[PDB]
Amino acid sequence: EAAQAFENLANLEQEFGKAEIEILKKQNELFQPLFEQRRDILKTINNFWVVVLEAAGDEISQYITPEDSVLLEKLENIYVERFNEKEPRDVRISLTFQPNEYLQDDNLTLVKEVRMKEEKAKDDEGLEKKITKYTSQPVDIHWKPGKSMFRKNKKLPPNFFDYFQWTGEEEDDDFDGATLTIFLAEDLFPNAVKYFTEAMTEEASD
């Protein structure tokens, strides 16, 4: 009865998937007003987000050059919105900057929209397999003259702002934007105050 068991498991997986979306929607509906209120507070705390970004671990620091770091000193807020009603896992990530030497004033909010799609591809046996793909349109940033931080092309080591050019649509790119999206949306953004408070306690200890 292996055949009947596995067919029943596949039916049940569909019900797990519907429950999961239901829970994610409920979670977003409860957390959304709290993240909005928190956003308005964090906007007043200078250098809050650069402290958080530098305390979050290798997942972020692997990308941060010290030129990244001086621009991030002007970062005023990170906000993560689950903007897609049918898919709670889609995120729109907004980085709001104060005026600075890298960005034109008309592009002080950098907005990245990442969409999550369950797709299918045949393996070497010939069977379809379910894969989760995160994809995103590239974001043109209106850099001030000579201050771009987009890679000329995809051999030079990536810095943090190359994320805005990551699309997820190239089995050629070395920049793992899916893992960075998940880290930003599920770890760094929800735990930001803890990261900041821990970094402050930690740095005054020395």
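Numbering starts at 1 and runs along the sequence shown.
S.K.: Looking at the entry, does 48-56 or 161-169 show the higher mean C-alpha B-factor?
M.R.: Looking at the recorded C-alpha B-factors, 161-169 comes out higher on average.
S.K.: According to the deposited model, is the average Cα temperature factor higher in 134-142 or in 32-40?
M.R.: According to the entry, 134-142 carries the higher average C-alpha B-factor.
S.K.: Maximum C-alpha temperature factor per the entry, among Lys112, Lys120, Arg89, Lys74, belongs to which one?
M.R.: Highest C-alpha B-factor among the listed options: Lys120.
S.K.: Relative to the other modelled residues in the chain, which third contains the C-alpha temperature factor of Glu81: lowest, middle or highest?
M.R.: Bottom third by C-alpha B-factor.
S.K.: Could you say whether, by C-alpha temperature factor, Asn8 belongs to the lowest, middle or highest third of its chain?
M.R.: Tercile = lowest for this residue's CA B-factor.
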